[PDB]
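The chain contents come next:
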Amino acid sequence: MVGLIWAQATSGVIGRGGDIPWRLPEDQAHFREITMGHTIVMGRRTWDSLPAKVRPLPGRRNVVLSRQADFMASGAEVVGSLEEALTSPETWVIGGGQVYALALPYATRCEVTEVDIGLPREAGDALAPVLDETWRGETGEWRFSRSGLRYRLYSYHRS
Ligand SMILES: NC(=O)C1=CN([C@@H]2O[C@H](COP(=O)(O)OP(=O)(O)OC[C@H]3O[C@@H](n4cnc5c(N)ncnc54)[C@H](OP(=O)(O)O)[C@@H]3O)[C@@H](O)[C@H]2O)C=CC1
Ligand SMILES: Cc1ccc2[nH]cc(CCCOc3c(C(=O)O)cnn3-c3ccccc3)c2c1
Ligand SMILES: [Co+2]
């Protein structure tokens, strides 16, 4: 199984300037819960976005997708292709915008956190993948983050 997990503003932005313009501590815990014990596949720019203190993310097989044959990610696996990374029972693609789109054909689950931040789309932003007709969503309650933004969980499944 391959899943995608991302947080987006209502507009669809997931990243800007190489990072995320919000931090919901409740979303950080949900990500650990859903990913713990499994393979996380991330692009090179998102691995760069991980603080060196926290990477690799513990309890998980960190796989970094890159076109650089010399790029090294200490404590992670660097592979040049996405399915070179899909050899475990359950795989989660943890970003970013480029790898979400590259992994969407392989994906049957999208765990999406919608952050009620009014953030207009702008050039150079990373955007969430477009989910087509095949995706069925189940929606959760609007909840309050301690960071002051509303959020809610969207679970997308497809056969
Ligand atoms: N809101 C959220 O939940 C999340 C937000 N983000 C944000 O997303 C942004 C980064 O996303 P983005 O800019 O799209 O970059 P990515 O994280 O998707 O990494 C892209 C890189 O991966 C390599 N790559 C891309 N396609 C391929 C391919 N077919 N084969 C092999 N390698 C490939 C390349 O690395 P190389 O150039 O070295 O060859 C490319 O530069 C950041 O702001 C991040 O914080 C990240 C995770 C989730
Ligand atoms: C890369 C990525 C992609 C999509 C995502 N959606 C939700 C998150 C929250 C991620 C928290 O990731 C973690 C861990 C952990 O997962 O164990 C330990 N520390 N950090 C951590 C990381 C960066 C800053 C500060 C703390 C996310 C992350
Ligand atoms: Co699990």
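Quick notes on the rules
- Residues numbered from 1 in each chain as written, not as in the entry; some residues may be left out.
- Chains lettered and ligands numbered in written order.
- Heavy atoms only, no water.
- Helix = DSSP H or I, 4+ residues; strand = E, 2+ residues; numbered from the N terminus.
- Near = heavy atom within 4 Å.
- Polar contact = N/O pair within 3.5 Å; in protein donor to acceptor, adjacent residues only side chain to side chain.
- Areas by Shrake-Rupley, 256 points an atom, 1.4 Å probe, with all protein chains shown as cover.
- Nonpolar A, V, L, I, M, F, W, Y, C, P; charged D, E, K, R; others polar.

- As summarised from the PDB record, the model derives from X-ray crystallography at a stated resolution of 1.9990 Å.

1. Digging into unusual backbone geometry
- Between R55 and the following residue, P56, the backbone shows a cis peptide bond with an omega angle of 0°.
- Position of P56 among the secondary structure elements: in the loop between α2 (44-49) and β4 (61-65).

2. Things to note about the site of ligand 2
- For ligand 2, the full set of nearby residues is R23, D27, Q28, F31, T46, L50, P51, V54, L57, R60 and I94.
- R60 is positioned such that a nitrogen or oxygen atom in its side chain is 2.5 Å from an oxygen atom of ligand 2.
- Its free accessible area being 600 Å², ligand 2 has 79% of it covered by the protein chains.
- Split by residue class, the shell around ligand 2 holds six nonpolar, two polar and three charged.

3. Structural notes on the site of ligand 1
- Looking at ligand 1, there are 27 residues lining it, with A7, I14, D19, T46 and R67 nearest.
- Take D19: an N or O atom from its main chain is 2.8 Å from an oxygen atom of ligand 1.
- Side-chain polar atom of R44 to an oxygen atom of ligand 1: 3.0 Å apart, as the coordinates give it.
- Coverage of ligand 1 by the protein amounts to 86% of the 950 Å² it exposes when considered alone.
- Within the residue set of the shell around ligand 1, elements represented by two or more residues are β1 (2-9), β2 (13-15), α2 and α3 (97-103).
- Among the elements that take part in the shell around ligand 1, α3 stands out by supplying five residues, more than any other.
- Split into classes, the residues belonging to the shell around ligand 1 amount to eleven nonpolar, eleven polar and five charged.

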